[PDB]
Engineer: 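Okay, here's the structure, questions in a sec.
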Amino acid sequence: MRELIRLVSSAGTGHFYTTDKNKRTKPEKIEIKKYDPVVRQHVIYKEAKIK
RNA sequence: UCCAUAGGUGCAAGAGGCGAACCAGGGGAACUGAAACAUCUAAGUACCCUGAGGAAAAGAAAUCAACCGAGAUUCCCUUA
RNA sequence: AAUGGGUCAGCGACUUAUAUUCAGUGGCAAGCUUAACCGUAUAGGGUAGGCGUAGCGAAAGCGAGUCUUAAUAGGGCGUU
RNA sequence: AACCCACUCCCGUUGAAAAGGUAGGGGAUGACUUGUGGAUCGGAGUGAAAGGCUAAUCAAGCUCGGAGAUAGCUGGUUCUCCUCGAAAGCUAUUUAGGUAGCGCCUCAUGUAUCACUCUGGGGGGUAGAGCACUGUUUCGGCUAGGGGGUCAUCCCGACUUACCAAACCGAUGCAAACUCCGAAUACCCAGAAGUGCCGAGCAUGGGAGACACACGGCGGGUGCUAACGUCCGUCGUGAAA
RNA sequence: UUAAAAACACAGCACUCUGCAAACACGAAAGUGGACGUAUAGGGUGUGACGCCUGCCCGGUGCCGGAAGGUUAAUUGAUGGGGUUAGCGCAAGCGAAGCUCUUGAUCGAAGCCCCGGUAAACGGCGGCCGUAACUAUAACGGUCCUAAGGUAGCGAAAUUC
RNA sequence: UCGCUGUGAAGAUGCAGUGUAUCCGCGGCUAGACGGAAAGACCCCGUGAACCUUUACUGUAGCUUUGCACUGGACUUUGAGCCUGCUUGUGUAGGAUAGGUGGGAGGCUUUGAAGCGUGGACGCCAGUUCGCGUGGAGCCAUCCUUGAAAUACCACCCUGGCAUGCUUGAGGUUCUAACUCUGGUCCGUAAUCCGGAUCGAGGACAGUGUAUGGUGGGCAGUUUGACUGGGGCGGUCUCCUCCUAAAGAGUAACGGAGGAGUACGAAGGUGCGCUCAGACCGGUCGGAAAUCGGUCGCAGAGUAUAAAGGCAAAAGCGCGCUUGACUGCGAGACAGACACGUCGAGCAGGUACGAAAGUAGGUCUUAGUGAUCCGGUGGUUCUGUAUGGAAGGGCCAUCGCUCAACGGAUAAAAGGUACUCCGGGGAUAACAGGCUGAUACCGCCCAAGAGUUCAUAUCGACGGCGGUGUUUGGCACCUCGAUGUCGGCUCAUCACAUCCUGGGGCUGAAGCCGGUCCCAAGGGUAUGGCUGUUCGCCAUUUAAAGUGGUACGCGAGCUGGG
RNA sequence: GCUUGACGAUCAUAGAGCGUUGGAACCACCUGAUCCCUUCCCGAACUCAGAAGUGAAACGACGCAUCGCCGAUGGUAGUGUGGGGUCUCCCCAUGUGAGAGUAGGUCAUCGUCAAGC
Ligand SMILES: [Mg+2]
Ligand SMILES: [Mg+2]
Ligand SMILES: [Mg+2]
Ligand SMILES: [Mg+2]
Ligand SMILES: [Mg+2]
Ligand SMILES: [Mg+2]
Ligand SMILES: [Mg+2]
Ligand SMILES: [Mg+2]
Ligand SMILES: [Mg+2]
Ligand SMILES: [Mg+2]
Ligand SMILES: [Mg+2]
Ligand SMILES: [Mg+2]
Ligand SMILES: [Mg+2]
Ligand SMILES: [Mg+2]
Ligand SMILES: [Mg+2]
Ligand SMILES: [Mg+2]
Ligand SMILES: [Mg+2]
Ligand SMILES: [Mg+2]
Ligand SMILES: [Mg+2]
Ligand SMILES: [Mg+2]
Ligand SMILES: [Mg+2]
Ligand SMILES: [Mg+2]
Ligand SMILES: [Mg+2]
Ligand SMILES: [Mg+2]
Ligand SMILES: [Mg+2]
Ligand SMILES: [Mg+2]
Ligand SMILES: [Mg+2]
Ligand SMILES: [Mg+2]
Ligand SMILES: [Mg+2]
Ligand SMILES: [Mg+2]
Ligand SMILES: [Mg+2]
Ligand SMILES: [Mg+2]
Ligand SMILES: [Mg+2]
Ligand SMILES: [Mg+2]
Ligand SMILES: [Mg+2]
Ligand SMILES: [Mg+2]
Ligand SMILES: [Mg+2]
Ligand SMILES: [Mg+2]
Ligand SMILES: [Mg+2]
Ligand SMILES: [Mg+2]
Ligand SMILES: [Mg+2]
Ligand SMILES: [Mg+2]
Ligand SMILES: [Mg+2]
Ligand SMILES: [Mg+2]
Ligand SMILES: [Mg+2]
Ligand SMILES: [Mg+2]
Ligand SMILES: [Mg+2]
Ligand SMILES: [Mg+2]
Ligand SMILES: [Mg+2]
Ligand SMILES: [Mg+2]
Ligand SMILES: [Mg+2]
Ligand SMILES: [Mg+2]
Ligand SMILES: [Mg+2]
Ligand SMILES: [Mg+2]
Ligand SMILES: [Mg+2]
Ligand SMILES: [Mg+2]
Ligand SMILES: [Mg+2]
Ligand SMILES: [Mg+2]
Ligand SMILES: [Mg+2]
Ligand SMILES: [Mg+2]
Ligand SMILES: [Mg+2]
Ligand SMILES: [Mg+2]
Ligand SMILES: [Mg+2]
Ligand SMILES: [Mg+2]
Ligand SMILES: [Mg+2]
Ligand SMILES: [Mg+2]
Ligand SMILES: [Mg+2]
Ligand SMILES: [Mg+2]
Ligand SMILES: [Mg+2]
Ligand SMILES: [Mg+2]
Ligand SMILES: [Mg+2]
Ligand SMILES: [Mg+2]
Ligand SMILES: [Mg+2]
Ligand SMILES: [Mg+2]
Ligand SMILES: [Mg+2]
Ligand SMILES: [Mg+2]
Ligand SMILES: [Mg+2]
Ligand SMILES: [Mg+2]
Ligand SMILES: [Mg+2]
Ligand SMILES: [Mg+2]
Ligand SMILES: [Mg+2]
Ligand SMILES: [Mg+2]
Ligand SMILES: [Mg+2]
Ligand SMILES: [Mg+2]
Ligand SMILES: [Mg+2]
Ligand SMILES: [Mg+2]
Ligand SMILES: [Mg+2]
Ligand SMILES: [Mg+2]
Ligand SMILES: [Mg+2]
Ligand SMILES: [Mg+2]
Ligand SMILES: [Mg+2]
Ligand SMILES: [Mg+2]
Ligand SMILES: [Mg+2]
Ligand SMILES: [Mg+2]
Ligand SMILES: [Mg+2]
Ligand SMILES: [Mg+2]
Ligand SMILES: [Mg+2]
Ligand SMILES: [Mg+2]
Ligand SMILES: [Mg+2]
Ligand SMILES: [Mg+2]
Ligand SMILES: [Mg+2]
Ligand SMILES: [Mg+2]
Ligand SMILES: [Mg+2]
Ligand SMILES: [Mg+2]
Ligand SMILES: [Mg+2]
Ligand SMILES: [Mg+2]
Ligand SMILES: [Mg+2]
Ligand SMILES: [Mg+2]
Ligand SMILES: [Mg+2]
Ligand SMILES: [Mg+2]
Ligand SMILES: [Mg+2]
Ligand SMILES: [Mg+2]
Ligand SMILES: [Mg+2]
Ligand SMILES: [Mg+2]
Ligand SMILES: [Mg+2]
Ligand SMILES: [Mg+2]
Ligand SMILES: [Mg+2]
Ligand SMILES: [Mg+2]
Ligand SMILES: [Mg+2]
Ligand SMILES: [Mg+2]
Ligand SMILES: [Mg+2]
Ligand SMILES: [Mg+2]
Ligand SMILES: [Mg+2]
Ligand SMILES: [Mg+2]
Ligand SMILES: [Mg+2]
Ligand SMILES: [Mg+2]
Ligand SMILES: [Mg+2]
Ligand SMILES: [Mg+2]
Ligand SMILES: [Mg+2]
Ligand SMILES: [Mg+2]
Ligand SMILES: [Mg+2]
Ligand SMILES: [Mg+2]
Ligand SMILES: [Mg+2]
Ligand SMILES: [Mg+2]
Ligand SMILES: [Mg+2]
Ligand SMILES: [Mg+2]
Ligand SMILES: [Mg+2]
Ligand SMILES: [Mg+2]
Ligand SMILES: [Mg+2]
Ligand SMILES: [Mg+2]
Ligand SMILES: [Mg+2]
Ligand SMILES: [Mg+2]
Ligand SMILES: [Mg+2]
Ligand SMILES: [Mg+2]
Ligand SMILES: [Mg+2]
Ligand SMILES: [Mg+2]
Ligand SMILES: [Mg+2]
Ligand SMILES: [Mg+2]
Ligand SMILES: [Mg+2]
Ligand SMILES: [Mg+2]
Ligand SMILES: [Mg+2]
Ligand SMILES: [Mg+2]
Ligand SMILES: [Mg+2]
Ligand SMILES: [Mg+2]
Ligand SMILES: [Mg+2]
Ligand SMILES: [Mg+2]
Ligand SMILES: [Mg+2]
Ligand SMILES: [Mg+2]
Ligand SMILES: [Mg+2]
Ligand SMILES: [Mg+2]
Ligand SMILES: [Mg+2]
Ligand SMILES: [Mg+2]
Ligand SMILES: [Mg+2]
Ligand SMILES: [Mg+2]
Ligand SMILES: [Mg+2]
Ligand SMILES: [Mg+2]
Ligand SMILES: [Mg+2]
Ligand SMILES: [Mg+2]
Ligand SMILES: [Mg+2]
Ligand SMILES: [Mg+2]
Ligand SMILES: [Mg+2]
Ligand SMILES: [Mg+2]
Ligand SMILES: [Mg+2]
Ligand SMILES: [Mg+2]
Ligand SMILES: [Mg+2]
Ligand SMILES: [Mg+2]
Ligand SMILES: [Mg+2]
Ligand SMILES: [Mg+2]
Ligand SMILES: [Mg+2]
Ligand SMILES: [Mg+2]
Ligand SMILES: [Mg+2]
Ligand SMILES: [Mg+2]
Ligand SMILES: [Mg+2]
Ligand SMILES: [Mg+2]
Ligand SMILES: [Mg+2]
Ligand SMILES: [Mg+2]
Ligand SMILES: [Mg+2]
Ligand SMILES: [Mg+2]
Ligand SMILES: [Mg+2]
Ligand SMILES: [Mg+2]
Ligand SMILES: [Mg+2]
Ligand SMILES: [Mg+2]
Ligand SMILES: [Mg+2]
Ligand SMILES: [Mg+2]
Ligand SMILES: [Mg+2]
Ligand SMILES: [Mg+2]
Ligand SMILES: [Mg+2]
Ligand SMILES: [Mg+2]
Ligand SMILES: [Mg+2]
Ligand SMILES: [Mg+2]
Ligand SMILES: [Mg+2]
Ligand SMILES: [Mg+2]
Ligand SMILES: [Mg+2]
Ligand SMILES: [Mg+2]
Ligand SMILES: [Mg+2]
Ligand SMILES: [Mg+2]
Ligand SMILES: [Mg+2]
Ligand SMILES: [Mg+2]
Ligand SMILES: [Mg+2]
Ligand SMILES: [Mg+2]
């Protein structure tokens with residue numbers, strides 16, 4: 001079943017998004033551009049551990 | 001058991017028992033509430049026991065405050 | 001053909017204390033009111049305290065504003 | 001026999017008696033019966049064991065205290081007149097005979113809306129109807145084809161379809177979970193006349209009760225279109241006339 | 001004080017515990033019974049004169065013995081990570097010694113896991129296929145499972161619908 | 001203070017209609033007053049109670065393990081630490097030997113006694129250390145070659161292992177002086193208690209305090225859901241779709257049918273482009289069904305996942321680019337007890353596609369879910385108990401429940417009661433009454449057929465229509481502050497759907513006997529064996545051994561076998 | 001008013017099917033694939049440069065009711081209110097009133113703009 005993950009900003013802020021994924025099917029990480037509220041720009045977010 | 005100790009007799013002085021409550025201690029429930037019930041509550045209450053007094057207890061900061069200060073203990077009204 | 005009462009006389013069930021809210025009726029009025037306690041004792045004193053005159057925010061705080069927010073934009077609450 | 005016991009019948013049952021009597025019955029030198037004095041007791045004693053007995057009380061004695069334990073459960077609640085007037089529903093609940101918010105009653109304050117009819121706008125998929133879809137029914141015609149055989153062809157060509165037959169054409173029925181169609185009524189909305197007991201609507205506060213409903217008509221499920229059956233919707237009456 | 005019996009006891013039988021300050025029981029304890037007894041004794045448990053007998057299963061749950069290994073308490077405190085501040089630094093920030101907050105290496109018995117016994121310990125003791133000179137039935141063969149598949153006796157029974 | 005028949009909270013002295021009847025005792029009998037007595041004991045309910053059980057939960061007495069204390073000496077085995085000489089340092093490599101660093105570049109202390117080696121050895125073994133066997137004797141040649149740095153030389157630490165030292169974990173043995181003795185003899189003393197003394201035995205064990213693991217129904221406080229055509233057993237309990245549902249919304253049943261407790265980094269956004277299923281004809285192995293060509297067809301396909309409502313600007317299909325599955329909000333609504341829920345134009349920041357107008361705050365829509373408390377993680381213009389910090393708290397983001405009994409009592413919980421008890425209920429079962437009549441029983445309609453032929457003498461298949469309250473049931477209206485339930489005895493009373501006796505028609509009625517139907521209720525209508533039996537089966541009778549109602553008549557009339 | 005193109009209004013009385021007809025202009029077919037651009041292959045489609053040919057295909061216009069689609073009048077079914085019966089179903093008074101079918105209609109009717117008369 002899908003497991004929760006965190007998406008941490010590449011900037012120095014501590015902002016993060018949250019979602020889930022299928023680890024068995026797609027085993028690589030996710031690199032997706034999102035808006036960072038603290039710096040008010042679109043930056044790249046990287047997968048991390050929910051726990 | 002040598003010493004002297006336990007022990008044994010004689011004198012004096014005191015205590016012992018009773019009392020409704022109050023006071024300082026020792027021991028210490030459950031029903032009940034939680035709309036069930038174990039933590040919790042009821043409650044350190046009921047009850048039992050021991051001492052004292054006309055009262056008792058506590059009392060003269062190894063205390064509080066907050067950089068300004070207060071000045072032993074007890075009781076009342078607020079802070080609440 | 002469900003309950004209660006053989007009858008009479010007497011007795012027998014919404015109380016009291018303390019904290020409060022609303023209404024009626026009064027005293028003062030941007031102020032109102034004292035508690036313990038003194039007392040010439042139902043008087044008078046005692047205004048420590050309580051409520052009101054300003055709100056918003058979790059708070060620091062700022063204030064007819066304030067909070068949220070990058071935002072004197074929008075919106076919540078408040079102000080004649 | 002005495003003495004200890006208690007198997008049977010009857011009487012008695014407001015008794016002579018809160019366990020007896022008459023007539024029969026068992027043991028009767030023993031694990032016997034009995035007097036006096038003594039010991040063990042309340043989660044404790046004693047018991048050749050029946051949960052028996054512990055002062056006519058025992059699956060935990062009596063007495064006084066905690067104590068007016070607690071009781072969503074029964075019962076009861078005392079003088080008079082006037083105005084108004086319910087509910088037995090929805091939601092949640094270790095909830096279902098309790099309670100809480102909302103709906104329904106009453107009182108106060110404020111404020112401007114309401115009801116009935118006429119006219120004008122609006123959506124619908126019910127009753128009915130139908131077969132255009134999805135299922136289901138019958139008749140006839142027309143047929144691919146399976147094949148009923150077929151001269152029996154070593155086994156392949158066929159003579160024909162004497163059985164069955166998709167599909168198509170026409171006729172003809174049915175449907176809560178079918179629809180090419182489709183009302184009445186009921187619901188929203190607006191504009192108007194009058195009536196309203198002088199108000200109807202709405203908002204905010206004080207006080208509730210109630211959340212076991214019953215039958216009758218109409219529309220339904222369930223049942224046997226059985227029940228003074230039962231479970232909904234909508235009216236009327238009883239409740240409370 | 002509605003049940004006198006098939007219920008309880010019983011003599012006999014068996015298992016098990018106990019070496020004496022006994023096991024065991026009543027007692028916060030002192031002590032007392034057991035017992036002024038001593039394994040031919042004392043306690044508990046079941047069965048219930050006598051006769052003939054008392055079959056199979058140690059997988060479960062108890063009890064008994066074993067000690068190699070695994071897991072394992074309080075206790076102890078290696079290691080790592082923080083807080084404070086003499087100092088250094090323009091600053092940001094680094095920071096010795098003390099004190100202090102967490103972390104948790106190592107040490108550690110019984111028990112449990114393991115190995116083996118024990119049923120007059122608590123308990124348990126099966127199915128399906130073929131097969132005989134008529135039929136029928138299977139002495140006989142396969143096969144599944146189990147710790148093992150009920151023996152001797154008795155049986156429409158105080159048990160049988 | 002009458003009977004009957006109806007009615008009626010459904011079994012009436014009291015109501016309706018009607019019939020009977022002067023007023024009042026005494027002796028008797030018990031059919032009724034749902035007669036008296038005991039707030040039903042059966043049954044259900046109460047977030048009632050007792051007592052009992054156990055591998056329910058949570059604990060506990062007792063028993064047992066180990067640490068510390070009371071609690072000491074010696075010897076020995078042994079792990080760890082520590083001190084000293086540290087002599088040990090044998091690799092590719094070098095005559096020979098590598099852990100390195102500074103003084104140091106040759107050693108001249110009996111030279112550095114010399115070639116092998118003697119006594120002892122170790123040795124990645126043939127190398128090195130220790131008196132040259134004689135004795136006061138020229139060997140290591142200092143990069144002499146090689147080796148990553150040549151020894152000689154003063155110092156800085158350890159390494160394979162030894163000796164001792166002061167400590168230290170465990171093990172065994174012993175000693176006596178702590179402790180213990182429910183062992184002897186002396187004294188207090190006139191004493192099987194108790195002390196003190198002294199002998200004997202055990203002995204740092206036992207035992208007790210405190211801390212800790214195990215065991216522990218021996219004992220204790222409790223828990224063990226609700227709905228429900230009575231309870232129990234079974235089933236269900238949250239969410240989505242359709243019907244019921246009566247053409248706005250909503251609407252119940254243990255009513256009729258199905259699904260959910262997910263999926264997807266593309267299955268999302270955008271630009272561009274394109275249409276299906278199926279049928280027929282033609283065409284290599286396939287042949288009804290592969291891929292190819294053509295015509296028809298238009299949605300009979302598809303849509304991640306049930307069903308319903310939708311789908312041409314396709315919401316279906318493919319390709320390029322991509323992250324709007326964005327952050328702060330939010331006019332206004334829909335739903336609604338609350339807590340929750342649903343839709344959304346527009347504004348501000350930053351984006352993505354597209355030439356651009358523009359589109360994008362996930363997916364065609366409606367299921368895919370769980371409050372608060374508590375604890376964890378990342379930030380932070382907050383707070384931080386004298387002060388500066390810090391701990392802890394607040395705010396923002398996020399994680400942990402099949403709390404499925406799904407608004408979730410607690411972090412933590414099963415049973416028995418026939419030994420039972422209290423408060424209640426005809427709000428709710430068992431007996432009898434009531435309503436109903438599926439079923440039961442009794443009639444009738446049709447007539448295939450059986451009856452040698454012949455439908456109806458006697459029967460009668462497949463089907464149909466009634467009657468009675470009479471069986472098994474359905475319901476739950478009366479009674480739980482009590483209406484005694486099977487069978488037997490005693491005593492009855494009524495109906496007729498007649499068993500005998502009486503009167504008739506038909507007959508497949510010769511007679512004697514019968515069969516069937518019609519009329520008729522006056523009177524009659526067995527005894528026994530077995531069983532608690534009513535029934536039933538047997539034996540022997542009789543003219544015959546009727547069927548039913550009456551609280552399945554009758555316990556204030558008896559019994560007590562069930 | 002006449003013909004052809006673009007965009008609309010309206011969504012079958014406007015559609016389908018059959019027959020006839022249109023190249024002056026427009027439109028369509030057409031030639032080639034150098035150049036922009038394109039095919040998961042192909043200039044088939046998209047695109048570019050015009051122009052020799054034709055109205056065949058397509059499209060438009062005009063005819064026909066064969067199919068489709070519209071469709072009365074009258075009657076019938078249902079139904080709100082009030083009242084009756086023999087009451088599982090109906091009837092009466094009053095208001096309302098389908099679906100199906102029958103007679104019959106239909107080969108559409110309009111607006112803006114630009115090219116030729
Ligand atoms: Mg003396
Ligand atoms: Mg005194
Ligand atoms: Mg006194
Ligand atoms: Mg005290
Ligand atoms: Mg005291
Ligand atoms: Mg105390
Ligand atoms: Mg309690
Ligand atoms: Mg309670
Ligand atoms: Mg309570
Ligand atoms: Mg309770
Ligand atoms: Mg509790
Ligand atoms: Mg507990
Ligand atoms: Mg307490
Ligand atoms: Mg006290
Ligand atoms: Mg005194
Ligand atoms: Mg004094
Ligand atoms: Mg005194
Ligand atoms: Mg005095
Ligand atoms: Mg004084
Ligand atoms: Mg004093
Ligand atoms: Mg003093
Ligand atoms: Mg000072
Ligand atoms: Mg002083
Ligand atoms: Mg009466
Ligand atoms: Mg009664
Ligand atoms: Mg009465
Ligand atoms: Mg009652
Ligand atoms: Mg009475
Ligand atoms: Mg009085
Ligand atoms: Mg007032
Ligand atoms: Mg005033
Ligand atoms: Mg504002
Ligand atoms: Mg405002
Ligand atoms: Mg006796
Ligand atoms: Mg006699
Ligand atoms: Mg006698
Ligand atoms: Mg005797
Ligand atoms: Mg004798
Ligand atoms: Mg004797
Ligand atoms: Mg005897
Ligand atoms: Mg005697
Ligand atoms: Mg005595
Ligand atoms: Mg006594
Ligand atoms: Mg007791
Ligand atoms: Mg006892
Ligand atoms: Mg007993
Ligand atoms: Mg007893
Ligand atoms: Mg018993
Ligand atoms: Mg007494
Ligand atoms: Mg007694
Ligand atoms: Mg008790
Ligand atoms: Mg109390
Ligand atoms: Mg009381
Ligand atoms: Mg009660
Ligand atoms: Mg209740
Ligand atoms: Mg009552
Ligand atoms: Mg009462
Ligand atoms: Mg009125
Ligand atoms: Mg209720
Ligand atoms: Mg009630
Ligand atoms: Mg309520
Ligand atoms: Mg219909
Ligand atoms: Mg029809
Ligand atoms: Mg059809
Ligand atoms: Mg329909
Ligand atoms: Mg309607
Ligand atoms: Mg008036
Ligand atoms: Mg009100
Ligand atoms: Mg209700
Ligand atoms: Mg009521
Ligand atoms: Mg109702
Ligand atoms: Mg009801
Ligand atoms: Mg009703
Ligand atoms: Mg009805
Ligand atoms: Mg009904
Ligand atoms: Mg009915
Ligand atoms: Mg009813
Ligand atoms: Mg009704
Ligand atoms: Mg009414
Ligand atoms: Mg009336
Ligand atoms: Mg009336
Ligand atoms: Mg009422
Ligand atoms: Mg009336
Ligand atoms: Mg009324
Ligand atoms: Mg007896
Ligand atoms: Mg006897
Ligand atoms: Mg007896
Ligand atoms: Mg007995
Ligand atoms: Mg003993
Ligand atoms: Mg023995
Ligand atoms: Mg014994
Ligand atoms: Mg026995
Ligand atoms: Mg026996
Ligand atoms: Mg016996
Ligand atoms: Mg026996
Ligand atoms: Mg075993
Ligand atoms: Mg074994
Ligand atoms: Mg062992
Ligand atoms: Mg610091
Ligand atoms: Mg620092
Ligand atoms: Mg430090
Ligand atoms: Mg260890
Ligand atoms: Mg061990
Ligand atoms: Mg054995
Ligand atoms: Mg046995
Ligand atoms: Mg045998
Ligand atoms: Mg037998
Ligand atoms: Mg048996
Ligand atoms: Mg009568
Ligand atoms: Mg009557
Ligand atoms: Mg009468
Ligand atoms: Mg009367
Ligand atoms: Mg009358
Ligand atoms: Mg009357
Ligand atoms: Mg008389
Ligand atoms: Mg009599
Ligand atoms: Mg009588
Ligand atoms: Mg009676
Ligand atoms: Mg009675
Ligand atoms: Mg009572
Ligand atoms: Mg009762
Ligand atoms: Mg409960
Ligand atoms: Mg309850
Ligand atoms: Mg118990
Ligand atoms: Mg337990
Ligand atoms: Mg313990
Ligand atoms: Mg210890
Ligand atoms: Mg002893
Ligand atoms: Mg020891
Ligand atoms: Mg020990
Ligand atoms: Mg201990
Ligand atoms: Mg127990
Ligand atoms: Mg117990
Ligand atoms: Mg217990
Ligand atoms: Mg309790
Ligand atoms: Mg309980
Ligand atoms: Mg519970
Ligand atoms: Mg229940
Ligand atoms: Mg049931
Ligand atoms: Mg019901
Ligand atoms: Mg029922
Ligand atoms: Mg029901
Ligand atoms: Mg019922
Ligand atoms: Mg509706
Ligand atoms: Mg409706
Ligand atoms: Mg609805
Ligand atoms: Mg309802
Ligand atoms: Mg999609
Ligand atoms: Mg669909
Ligand atoms: Mg794409
Ligand atoms: Mg995205
Ligand atoms: Mg938007
Ligand atoms: Mg934007
Ligand atoms: Mg762009
Ligand atoms: Mg909690
Ligand atoms: Mg501080
Ligand atoms: Mg912090
Ligand atoms: Mg629940
Ligand atoms: Mg719930
Ligand atoms: Mg719910
Ligand atoms: Mg809900
Ligand atoms: Mg609770
Ligand atoms: Mg219980
Ligand atoms: Mg009772
Ligand atoms: Mg009661
Ligand atoms: Mg009832
Ligand atoms: Mg009920
Ligand atoms: Mg019955
Ligand atoms: Mg009866
Ligand atoms: Mg009955
Ligand atoms: Mg009945
Ligand atoms: Mg009944
Ligand atoms: Mg015949
Ligand atoms: Mg005949
Ligand atoms: Mg009857
Ligand atoms: Mg009946
Ligand atoms: Mg009933
Ligand atoms: Mg009921
Ligand atoms: Mg009912
Ligand atoms: Mg009755
Ligand atoms: Mg009853
Ligand atoms: Mg009564
Ligand atoms: Mg009669
Ligand atoms: Mg007759
Ligand atoms: Mg007869
Ligand atoms: Mg005859
Ligand atoms: Mg007959
Ligand atoms: Mg007769
Ligand atoms: Mg007769
Ligand atoms: Mg007669
Ligand atoms: Mg007669
Ligand atoms: Mg006569
Ligand atoms: Mg007889
Ligand atoms: Mg018999
Ligand atoms: Mg005869
Ligand atoms: Mg009779
Ligand atoms: Mg009877
Ligand atoms: Mg009878
Ligand atoms: Mg009797
Ligand atoms: Mg009887
Ligand atoms: Mg009697
Ligand atoms: Mg009677
Ligand atoms: Mg009677
Ligand atoms: Mg009698
Ligand atoms: Mg009996
Ligand atoms: Mg018409
Ligand atoms: Mg009507
Ligand atoms: Mg009409
Ligand atoms: Mg028409
Ligand atoms: Mg039509």
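Letters A, B, ... mirror the listed sequences (proteins, then strands); counts begin at 1.
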Engineer: Using the salt bridge (charged side-chain N to carboxylate O under 4.0 Å, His left out) rule, collect all pairs that involve residues 1-13 of chain A, keeping only residues at least two apart or in two chains.
Structural biologist: A/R2-A/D20
Engineer: Could you list the residues that satisfy side chain to side chain donor-acceptor pair (under 3.5 Å) with A/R40, not counting sequence neighbours?
Structural biologist: none
Engineer: For the residue pair A/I5 and A/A48, what are the closest heavy atoms and their distance?
Structural biologist: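 Looks like CB-O, 4.0 Å.
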Engineer: Could you pull out all residues at least two apart from A/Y35 that satisfy ring-ring contact (aromatic ring centres under 6.0 Å, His included)?
Structural biologist: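 For A/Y35, the residues satisfying ring-ring contact (aromatic ring centres under 6.0 Å, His included) (neighbours in sequence not counted) are A/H42.
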Engineer: Calculate the interatomic distance between A/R6 atom CZ and F/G400 atom P; express it in whole Å.
Structural biologist: 13 Å
Engineer: Between protein and nucleic acid, restricted to nucleotides 346-348 of chain F and to nitrogen or oxygen atoms under 3.5 Å apart, what atom pairs and distances do you find?
Structural biologist:
none

Engineer: Identify, with sequence neighbours excluded, every residue that meets salt bridge (charged side-chain N to carboxylate O under 4.0 Å, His left out) alongside A/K46.
Structural biologist: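 Salt bridge (charged side-chain N to carboxylate O under 4.0 Å, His left out) list for A/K46, sorted by chain: A/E31.
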Engineer: Using a 3.5 Å upper limit on both distances, decide if F/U174 and F/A137 constitute a Watson-Crick or G-U wobble pair.
Structural biologist: no
Engineer: Rounding to a whole Å, what distance do you find between A/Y45:OH and F/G378:P?
Structural biologist: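 Whole-Å distance recorded here is 18 Å.
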Engineer: Compare the minimum distances between each of F/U262, F/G400, F/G349 and the side chain of A/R40, then state the nucleotide with the smallest one.
Structural biologist: F/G349
Engineer: Run through the side-chain heavy atoms of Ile, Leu, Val, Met, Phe, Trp and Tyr, join any pair under 4.5 Å, and report what else lands in A/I50's cluster.
Structural biologist: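 Same cluster as A/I50: A/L4.
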Engineer: Identify, with sequence neighbours excluded, every residue that meets side chain to side chain donor-acceptor pair (under 3.5 Å) alongside A/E47.
Structural biologist: A/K21
Engineer: Taking side chain to side chain donor-acceptor pair (under 3.5 Å) as the definition, give me every residue that meets it alongside A/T13, ordered by chain and number, with sequence neighbours left out.
Structural biologist: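 Partners of A/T13 under the side chain to side chain donor-acceptor pair (under 3.5 Å) test: A/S9, A/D36.
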Engineer: For A/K29, check side chain to side chain donor-acceptor pair (under 3.5 Å) against everything at least two apart and list the hits.
Structural biologist: none
Engineer: According to the Watson-Crick and G-U wobble definition with distances under 3.5 Å, which dot-bracket string, read 5' to 3', encodes RNA chain C, using [ ] for crossing pairs and | for pairs with another strand?
Structural biologist: ..............................(((...((.....))...)))...((....))..((((.....))))...
Engineer: Just jot down the salt bridge (charged side-chain N to carboxylate O under 4.0 Å, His left out) partners of A/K34, sequence neighbours excluded, or say none.
Structural biologist: none
Engineer: N/O contacts under 3.5 Å, protein versus nucleotides 265-267 of chain F?
Structural biologist:
unit_1, atom_1, unit_2, atom_2, d
F/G265, OP1, A/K26, NZ, 3.4
F/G265, OP2, A/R2, NH1, 3.1
F/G265, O5', A/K26, NZ, 3.1
F/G265, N2, A/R2, NH2, 3.3
F/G265, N2, A/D20, O, 2.7
F/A266, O5', A/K26, NZ, 3.4

Engineer: How many whole angstroms separate atom NE2 of A/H15 from atom P of F/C326?
Structural biologist: 11 Å
Engineer: Ignoring backbone atoms, test whether A/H42 places a side-chain nitrogen or oxygen under 4.0 Å from the OP1 or OP2 oxygen of F/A352.
Structural biologist: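 It does not, given that no N or O in the side chain of A/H42 lies less than 4.0 Å from OP1 or OP2 of F/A352.
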